[PDB]
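One chain comes next, on its own, written out as structure tokens in the form deposited in one PDB entry.
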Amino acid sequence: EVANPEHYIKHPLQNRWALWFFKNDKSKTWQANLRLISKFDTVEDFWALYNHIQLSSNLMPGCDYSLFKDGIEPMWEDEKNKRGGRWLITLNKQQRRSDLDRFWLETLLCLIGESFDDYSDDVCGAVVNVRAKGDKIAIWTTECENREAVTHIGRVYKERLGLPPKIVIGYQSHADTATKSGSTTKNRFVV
């Protein structure tokens, strides 16, 4: 007879995830400032990572955290990102204190808990940008033409963050962002 696995196994995640850090240092290229922190694939190992690293609200201006599925680099040129886009959450300066860390942790829980059900495979990762003008959080998905998947992810994400219905969030294609003239990227979808 063998031991009961409930008593001793770590609780596995559906996916292995990688957390990346972007350091604002303009003596270097964007790609060289983006570096891996570590990977995890259980609930326990997730918390061991999260509990020892700085809250987003404490990072220096211009830094990022990115959590992406193992094998997807947190850059839009990745084969799994290049045809996709992101649901973008823009925060005002006052929301760094009130909402930034709570929203980012909720984003992490949505990813590692596979909270988008049959559209989980469309999720690539998420990014938090710490910025003086206003922080941003985004969930990246793999294909901007997967209308059903993209819309479901957006609606569920907005509910999980607890945004009031009046607050509109937008989905922006990476290719649109990379090719637009002027500073606005249009939204392919809103929710």
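Heads up, when I say rigid core I mean the largest set of C-alphas that superpose within 1.5 Å between the two forms. Throughout, we count residues from 1 along the sequence that is shown.
If you look for the form deposited in another entry, you will not find it shown, but the lines that follow are about it.
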| item | value |
| --- | --- |
| Core superposition between the shown form and the other one, C-alpha change of residue 56 at least 2 Å | yes |
| Core-superposed C-alpha of residue 35 shifting 2 Å or more between the shown form and the other one | no |
| Per-residue C-alpha change between the shown form and the other one, residue 180, threshold 2 Å, rigid core fit | yes |
| Comparison of CA distance in the other form with shown form for residue 56, residue 117, at least 3 Å | farther |
| Sense of CA distance change between residue 45 and residue 57 in the other form, threshold 3 Å | closer |
